[PDB]
Amino acid sequence: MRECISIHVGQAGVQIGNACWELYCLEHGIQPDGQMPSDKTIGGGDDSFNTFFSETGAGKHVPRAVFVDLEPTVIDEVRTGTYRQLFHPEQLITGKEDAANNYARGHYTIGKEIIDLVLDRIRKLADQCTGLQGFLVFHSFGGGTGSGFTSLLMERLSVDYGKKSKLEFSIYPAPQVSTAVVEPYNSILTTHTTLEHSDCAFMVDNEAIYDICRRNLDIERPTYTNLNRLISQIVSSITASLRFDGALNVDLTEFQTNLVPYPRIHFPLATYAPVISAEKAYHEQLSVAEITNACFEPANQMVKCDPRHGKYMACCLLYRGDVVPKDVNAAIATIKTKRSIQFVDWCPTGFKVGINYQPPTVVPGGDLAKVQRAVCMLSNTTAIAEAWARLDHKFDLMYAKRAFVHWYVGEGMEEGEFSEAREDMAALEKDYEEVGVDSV
Amino acid sequence: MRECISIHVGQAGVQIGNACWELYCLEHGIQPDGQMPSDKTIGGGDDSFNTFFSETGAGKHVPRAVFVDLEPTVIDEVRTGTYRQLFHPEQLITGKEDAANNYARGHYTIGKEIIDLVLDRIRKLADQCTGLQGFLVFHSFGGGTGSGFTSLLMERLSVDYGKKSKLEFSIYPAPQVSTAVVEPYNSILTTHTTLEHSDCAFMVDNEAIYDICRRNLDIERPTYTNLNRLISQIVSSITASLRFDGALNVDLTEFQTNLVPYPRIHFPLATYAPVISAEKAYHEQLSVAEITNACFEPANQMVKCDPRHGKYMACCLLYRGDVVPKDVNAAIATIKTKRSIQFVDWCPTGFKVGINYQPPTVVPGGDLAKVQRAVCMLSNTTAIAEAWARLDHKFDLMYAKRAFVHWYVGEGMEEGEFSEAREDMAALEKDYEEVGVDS
Amino acid sequence: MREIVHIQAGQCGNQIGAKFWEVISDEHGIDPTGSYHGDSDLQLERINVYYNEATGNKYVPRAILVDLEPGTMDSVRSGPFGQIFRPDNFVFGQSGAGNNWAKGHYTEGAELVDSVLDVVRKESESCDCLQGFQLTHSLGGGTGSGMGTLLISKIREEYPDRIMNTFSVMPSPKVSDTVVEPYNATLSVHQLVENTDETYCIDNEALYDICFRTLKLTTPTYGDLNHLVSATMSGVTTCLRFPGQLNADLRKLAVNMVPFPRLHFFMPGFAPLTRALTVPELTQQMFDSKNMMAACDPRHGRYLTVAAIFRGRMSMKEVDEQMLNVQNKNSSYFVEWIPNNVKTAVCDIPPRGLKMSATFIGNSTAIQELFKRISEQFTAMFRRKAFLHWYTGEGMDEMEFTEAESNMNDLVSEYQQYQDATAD
Amino acid sequence: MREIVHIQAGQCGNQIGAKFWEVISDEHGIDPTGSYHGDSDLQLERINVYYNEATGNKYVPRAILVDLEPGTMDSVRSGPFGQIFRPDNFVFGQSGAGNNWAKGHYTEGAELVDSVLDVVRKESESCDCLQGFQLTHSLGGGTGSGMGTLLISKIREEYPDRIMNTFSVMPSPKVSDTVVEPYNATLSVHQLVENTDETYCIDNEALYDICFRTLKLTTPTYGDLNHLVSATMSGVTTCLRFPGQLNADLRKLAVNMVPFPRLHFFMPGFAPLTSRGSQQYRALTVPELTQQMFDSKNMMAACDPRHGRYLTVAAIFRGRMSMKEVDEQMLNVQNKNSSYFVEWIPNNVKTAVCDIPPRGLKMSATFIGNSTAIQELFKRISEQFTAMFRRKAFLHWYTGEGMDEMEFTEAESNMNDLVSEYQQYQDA
Ligand SMILES: CC[C@]1(O)C[C@@H]2CN(CCc3c([nH]c4ccccc34)[C@@](C(=O)OC)(c3cc4c(cc3OC)N(C)[C@H]3[C@@](O)(C(=O)OC)[C@H](OC(C)=O)[C@]5(CC)C=CCN6CC[C@]43[C@@H]65)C2)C1
Ligand SMILES: Nc1nc2c(ncn2[C@@H]2O[C@H](COP(=O)(O)OP(=O)(O)OP(=O)(O)O)[C@@H](O)[C@H]2O)c(=O)[nH]1
Ligand SMILES: Nc1nc2c(ncn2[C@@H]2O[C@H](COP(=O)(O)OP(=O)(O)OP(=O)(O)O)[C@@H](O)[C@H]2O)c(=O)[nH]1
Ligand SMILES: Nc1nc2c(ncn2[C@@H]2O[C@H](COP(=O)(O)OP(=O)(O)O)[C@@H](O)[C@H]2O)c(=O)[nH]1
Ligand SMILES: Nc1nc2c(ncn2[C@@H]2O[C@H](COP(=O)(O)OP(=O)(O)O)[C@@H](O)[C@H]2O)c(=O)[nH]1
Ligand SMILES: [Ca+2]
Ligand SMILES: [Ca+2]
Ligand SMILES: [Mg+2]
Ligand SMILES: [Mg+2]
């Protein structure tokens, strides 16, 4: 049991959803038709992968997922793509008219027409679970559907499932692939509204992923396909703890007890390694020590911040592949000594480590190399605020001249909600500062 | 003819009691099945031995004894031992859980649920007596049942047999074999409470028996069986005058008269000689003079103390075997000049002497060599007060921090009953001090 | 699908309207008979936006043609692709307009507007998901400018939540001497400010100046001007007609381009104007005042927002870099209080003939030069009460003319007020 | 028969519980199927202290297995002696407790607790003369910690006059890395101070040191840690399971080891320290045993005894050996460290010998000390707790389950009282 339902919202959520589910199928040996020849328990079972895949009588393994978008063209690609047979039609939900990059339209005007249906389809999945753990919500900050509809859905999930946990995979907007001047408004609006409905939220900064793909993968002009594929390896490492079984493995629930000290401080920073091209992987075997020492390089982080100019409140290292406890220990030592790791006074301990012996995997036709071992670090640092800050600034620069707000008010929104948000965000920036202040 | 009922309380009492009755049998020629060929009156008698054994129409001689322990393990041994047919089930009383080395649990908690049963069984034996003289009570100071239950029983026996003598055999706690850190507590509690109800108490310090076994018997690590076989030699010597024809200490009352001028100072020191290893290859048979001298060596006392620095109020010499009056009187005058034997002014400097011609019987396969003559000295000397001082100092050490006191208070005892029992012992030490303060 | 309903009213509206359908039909591979005969599936992915797919695999423009004087309509029906249109969508009058805005808007235009509305309604009800509307017209004549805006106002009542998009041709004395134009333009601009969502200002002054100075065609004809218009219209609708992620529909464009409701008048630009040129050259030219389809110098104002659209095979890396250079090198001319306000689309299908082209859509405060020039003229006639007869004749009042005067003054004031504003 | 009811709760409780039952089953000549197969009748004399007898002359451990998650049980069930346990005595849930004391004690735990008490009650009504209960659990998690202490409290209510004994594994950041363990531990010590008669403090910090420093196990596993716990648990329960005169039942042990009600936390010790798999070429001399068991390096709690004073000590020697020499060496130790035993509890060191040795060892010794130095263990936990609690860090995990912060303040307070009370008697 302990199932997890995935909800992919808007283009980013959906496109990222495709990449993850493809990766999951590769990892568990599931084919595009849903058959998994290595699974004897036909029709049903209690295996680890069943937390993400349900089983039909015919032996099909169906993702515990829902795809939702306010227009059809992105999800149509799933309906016709290699994995179309993988999903039951009721899992792919589409409307006719999108939010037009307007939080207001996704939350109110358009969202209101399709929200009931989405919740019903989610109810049908939940009802198939013997022990529903929680939800995983993938969505962009900047789109009207990613922002406006997500927040509506999270409010409605809080009502229908109470305190059942909700984790968020959020695409933080970056100029290099942004599609709307208003993405800051949508980002602050969506973050405020979901802040109290979300238990833990993993931001991915598109500028950070863009830069890593150029530098580490030598991609001159990364596409969404480049980004979504690296973004997936992070999700797979946060989820592997639940999709695979092992002796040194740790469930995300234990990590969360350590990665969320206070209710609102629920935004961990993610780092993956090794991100290398086959051209450079050839003639190079990144050691457990090198990969770990990389998770502390301020340029291999999926959110642009300087972890050093701040204090750590938790560093959780989830390893995968040819890793053995002895090597992990030596590494953490070398790092602590020859590196800048300052923890807070209120955090006895500080490091949590785990190993998933299931090897790392790479999609045929990818730009990442098949390594024998990899590491994902989830760290709660007071430096993630450099992101809330930068975004908050863009917002304050436009709201002062009240730019583009006529589009939001024309759909019902009021200036108040725009200020109610800036204040929760100023509070969070203070909260992150106070959590680092030493004690008396 | 007057009977004696024996009462054995707790493990010490039962195992020591079990030792004595076997030795009584070997001394009187009573077989394990209760048949006594020597007995020629079948089904009855008023012989000296009838004071301890009653008779049946089937010729069975059964001890006039009652065993009581709050746990069955120890009494089970009696029920399956080699002398199981001697006793009948009604005189073997056991409980379910014991006093857990807690005087309060033995006295109040577990005592109250069994006191009336024990007294009933004792009444049943008592009604079969034509002239009950009283009781001999065997128990430890340190156990919860031996200390806590005994005091209750002693009290009830004074109520239901107000007109009877009560003798005690008391095992005094020694570290070498003790099993609870709280034994000094239990020791002072039971002494305080039984003190007014006991006419004469024989204290046996396990420490003394432990070292005598080591030194004289070559026993590397004496067990209870070793200790108890020696103890039965002493107990038997003291009660010999009740079970055989004679004229010294012939009834319980005579013990108090001869040994106990003061009611509260009723703790005579016992000394026994000679103790010879049975594994020894023949030994210089000691003379009357030699064993009489041995009675004034600390190393043969049942309580280590130094009678030189105290005063006598009474002395009884009990000889068994090849002893005649001339040699005793000639040994006494010798000792009286060689050794410092100082009686209290208000007391005649003199010895009451008793000879039993039957020599000591030794249990086949025991550690003690058979001898032709032995002697047990009973001396009421103030030197025995040393054992109260030692005991009381340990009590004071623990009580000052109230260590372990909560175990007793939890069983319904009040804290006040500690300092009260201690006060009585404070008074008892001063009584010894007054009676023996010449120097 | 996401349908747009095209309406062209008047000579200019129907002339550039007709040229528009030729260019984009060609790009999608639709012949005059409605049959598709093209080589790439990209031409059909979003063809429903402008075309209805009827039975017989024939594509018919979703276009309504309107005019108060036939013949122009007749020439259009005879011109290339004339038979591709639906005959019921021809809706024309008789009385004409006589270059009189009042006749197009209050009298002659009104007595025909109901006939037009039935065609619009029919076309809209057929739509799976109506995007909104797209009108082509001039502001100097009578039908296009007068009936055109009346038509918008009537549409807005029935489709209040749809996008209203207009390609509007501004009058230049360099190209027309009807004298009354500045009246019809000003009364037209007054209406566009309130009732349209986004308006492309196609300034005849710029087309003439490009044909004369740049293209070197002394005494140029309407056909020459409309080659720039058709080029331009094709450019600014590229992202609406092909698969893409940026400004793929009229509302997303409006959200990126219109920061304040009234400031919705866009400056179009095109490069190259017609040897082939590189991506750096393409970028430099499209931001140069001489490639603007509106008589305005962008160095004389600041950009509120810009969309750039590159068409053809080229290095996307090269495009991104060159775009950053031009924003940085020209940082002073972008308002700092709208971060990241220049978006860039790249459609890999070039238009017919060129190997790559750039199209510029600017919301610049310098467009007040276009309104100021019209305003100057308007006042240079209304100050004498000249020709007030044609308009009062049809019963219009004194005020109206004045309200349009101050209303457009305000518009110029707002563009200025946000040009001078600072981030701190 | 003076029966004991054994309860094991949670992951650690069941893992060390199961190994305990495997170790003593072997010692008592019972096999995986519950059949007696021994050479001595000494093994069967008190077999009923821990085992029930059915038809088939089979022996069934008087043991209840409790957990809030379905794993662990499966693990125990498939373990070598998985089949000896009574099936009706497996009581488990599906939610789990998420290493959260509040979930074990108040919410998830409460749903399962009643069905546990029936099986406890079922087992107790079967006993002729029930001594009381013993529970194995850790204090750092949620089930053993939170639900474990709930079970103690509820069981005490039904049997207030029986001995309650626990084997309580103290958390150490050397062995685990879950940040809330000091919260769960402090909450649990507060319970144990109030509701148990005797607690053996088994400290994972010392188990780690023994394995890593003394036994040179550079990749220690919980299997390694539990090898020492099981050796220690067989040793400290020897007086209950074999004929003997000293500490032969739980109540007599409490009267000898617990001079003041709250001071009922024992330091276990064991000698020789051995790592499983290895073989013993030379046994140790009674002298060596005696020197070692009093050595700080052989204690199962990570506290230096030389930093405090012993109130009471029990020593249990197992194996064929000179009773004379044991006495001599125990006297030497007391006479040699006579300043480390309080002077106001005379003869506070008690010594036992049992002829049956434990599997694999010819000679062993187990130390049970009530030493005031146990305060260092509770101080360590206390320091970790305050570092977080003074900022209310991670508290939402507990308040979200209905707990108030006042209840944390009390647990810290009670534990600081306990520490200072040990300090009181150290200066006597
Ligand atoms: C007996 C139970 C145990 O096996 C004991 C340790 C922890 N786990 C087993 C697995 C394990 C260990 N280390 C791992 C690293 C990655 C993945 C798995 C492991 C374990 C080991 O090295 O194998 C023998 C181990 C773990 C630690 C460990 C030692 C250790 O090996 C014994 N340390 C005691 C701590 C540690 O934090 C510390 O305080 O330094 C001593 C330590 O720091 C370093 C750099 O050594 C370290 C090592 C990863 C760092 C961060 C997290 N903390 C928690 C405990 C600590 C660890 C062994 C449970
Ligand atoms: N990393 C990543 N970001 C994406 C992807 N798709 C969109 N985005 C980002 O998402 C933001 C815009 O949100 P979208 O997902 O495009 O839009 P939407 O959520 O569908 O909302 P509407 O368009 O209003 O319906 C921009 O910052 C994009 O860069 C994707 O596949 N990967
Ligand atoms: N000489 C001798 N001393 C004994 C014997 N048994 C116990 N003792 C001593 O007596 C004290 C303990 O008294 P026990 O008889 O065990 O106690 P109990 O009467 O059984 O009391 P509980 O069992 O605690 O209720 C200790 O000092 C023992 O050393 C025995 O057989 N002989
Ligand atoms: N670019 C361009 N401008 C035109 C065209 N026809 C007319 N105009 C302009 O439009 C204005 C006259 O509009 P007109 O078409 O007569 O309006 P109508 O009476 O409503 O149909 C003049 O200022 C011309 O400059 C054309 O084909 N192309
Ligand atoms: N010595 C030992 N400690 C253990 C074992 N299993 C878990 N622990 C410790 O117990 C604590 C975790 O408790 P856990 O058993 O998961 O608690 P639960 O959630 O109530 O089942 C941590 O401090 C671990 O180090 C074991 O088998 N042996
Ligand atoms: Ca299966
Ligand atoms: Ca007779
Ligand atoms: Mg979308
Ligand atoms: Mg007893």
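For this deposited structure, the header notes the method as X-ray crystallography, 3.2 Å.
Note: Cβ is positioned from N, Cα and C throughout, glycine not excepted.
Residue environment of B:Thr145 (GTP binding site) contains 33 other Cβ atoms, counted within 10 Å of its Cβ in all protein chains. Annotation comment: Swiss-Prot describes B:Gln11, B:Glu71, B:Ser140, B:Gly144, B:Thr145, B:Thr179, B:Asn206, B:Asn228 as GTP binding site.
Summarising the annotation, Swiss-Prot assigns Mg(2+) binding site to B:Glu71 and lists similarity to another entry as the type of evidence. Secondary structure from DSSP puts B:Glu71 (GTP binding site) in coil.
A simple way to gauge crowding: the CB of B:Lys326 (ubiquitin cross-link) has 9 other CB atoms within 10 angstroms, across all the protein chains here. What Swiss-Prot lists as ubiquitin cross-link is B:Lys326 (among others).
For B:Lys370 (ubiquitin cross-link), applying a Cβ distance below 8 Å and a minimum sequence separation of six or more within one chain yields B:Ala278, B:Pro359, B:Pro360, B:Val362. Here Swiss-Prot flags B:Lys370 (among others) as ubiquitin cross-link, drawing on similarity to another entry.
For B:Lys40, the entry in Swiss-Prot reads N6-acetyllysine. In the three-state DSSP classification, B:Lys40 (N6-acetyllysine) falls within coil. Taking a C-beta cut-off of under 8 angstroms and a sequence separation of 6 or more, B:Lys40 (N6-acetyllysine) has no same-chain neighbours.
Positions annotated as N6,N6,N6-trimethyllysine by Swiss-Prot, on the basis of similarity to another entry: B:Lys40.
The 10 Å shell around the Cβ of B:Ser48 (phosphoserine) contains 17 further Cβ atoms across the protein chains shown. The phosphoserine feature in Swiss-Prot is assigned to B:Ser48 (among others); the stated evidence is similarity to another entry.
A C-beta separation below 8 Å, combined with a sequence spacing of at least six in one chain, links B:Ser232 (phosphoserine) to B:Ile16, B:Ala19, B:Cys20, B:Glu22, B:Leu23, B:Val363. The phosphoserine feature in Swiss-Prot is assigned to B:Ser232 (among others).
Among the features that Swiss-Prot reports, 3'-nitrotyrosine is placed at B:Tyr282. Residues within less than 8 Å, Cβ to Cβ, of B:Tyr282 (3'-nitrotyrosine) and separated from it by at least 6 positions along the same chain comprise none.
Among the features that Swiss-Prot reports, omega-N-methylarginine is placed at B:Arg339, with the record citing similarity to another entry. According to its DSSP assignment, B:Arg339 (omega-N-methylarginine) is coil.
Using a 10 Å Cβ-Cβ cutoff, B:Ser439 (phosphoserine) registers 6 neighbours. When secondary structure is read from DSSP and collapsed to three states, B:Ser439 (phosphoserine) falls in the coil class. Per Swiss-Prot, the feature phosphoserine maps to B:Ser439 (among others); the stated evidence is similarity to another entry.
In this structure the alpha carbons, written CA, of B:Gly144 (GTP binding site) and B:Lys326 (ubiquitin cross-link) are 48 Å apart. Proximity to chain D (Cβ-Cβ distance under 8 Å) holds for the following recorded positions out of B:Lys40, B:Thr145, B:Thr179, B:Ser232, B:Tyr282: B:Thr179. Comparing CA positions across the binding-site residues B:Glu71, B:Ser140, B:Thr145, B:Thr179, B:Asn206, the one lying closest to B:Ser48 (phosphoserine) turns out to be B:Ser140. With respect to their backbone Cα atoms, B:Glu71 (GTP binding site) and B:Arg339 (omega-N-methylarginine) stand 48 Å from each other. In terms of local Cβ density within 10 Å, B:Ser140 ranks first among the recorded positions B:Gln11, B:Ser140, B:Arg339. B:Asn228 (GTP binding site) has its Cα within 10 Å of the Cα of none of the recorded positions B:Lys326, B:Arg339, B:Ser439. Residues from the recorded positions list (B:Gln11, B:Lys40, B:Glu71, B:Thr145, B:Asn206, B:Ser439) with a C-beta closer than 6 Å to any atom of ligand 5: none.
Screening the recorded positions B:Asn206, B:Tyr282, B:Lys326, B:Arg339 for a C-beta under 6 A from any atom of ligand 3 leaves B:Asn206. Counted over all residue pairs in B:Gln11, B:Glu71, B:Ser140, B:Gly144, B:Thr145, B:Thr179, B:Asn206, B:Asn228, the record's binders of GTP, the longest Cα to Cα distance measures 22 angstrom. The 6 Å Cβ screen around ligand 9 retains B:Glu71 from the recorded positions B:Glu71, B:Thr179, B:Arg339, ordered by sequence position. When the C-beta distance to chain C is held to under 8 angstroms, none of the recorded positions B:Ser48, B:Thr145, B:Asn228 remains. Each of the binding-site residues B:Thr179, B:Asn206, B:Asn228 was scored by the number of other CB atoms within 10 Å of its CB, and the largest score is that of B:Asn206. Cβ-based crowding with a 10 Å cutoff singles out B:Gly144 as the top-ranked of the binding-site residues B:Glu71, B:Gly144.
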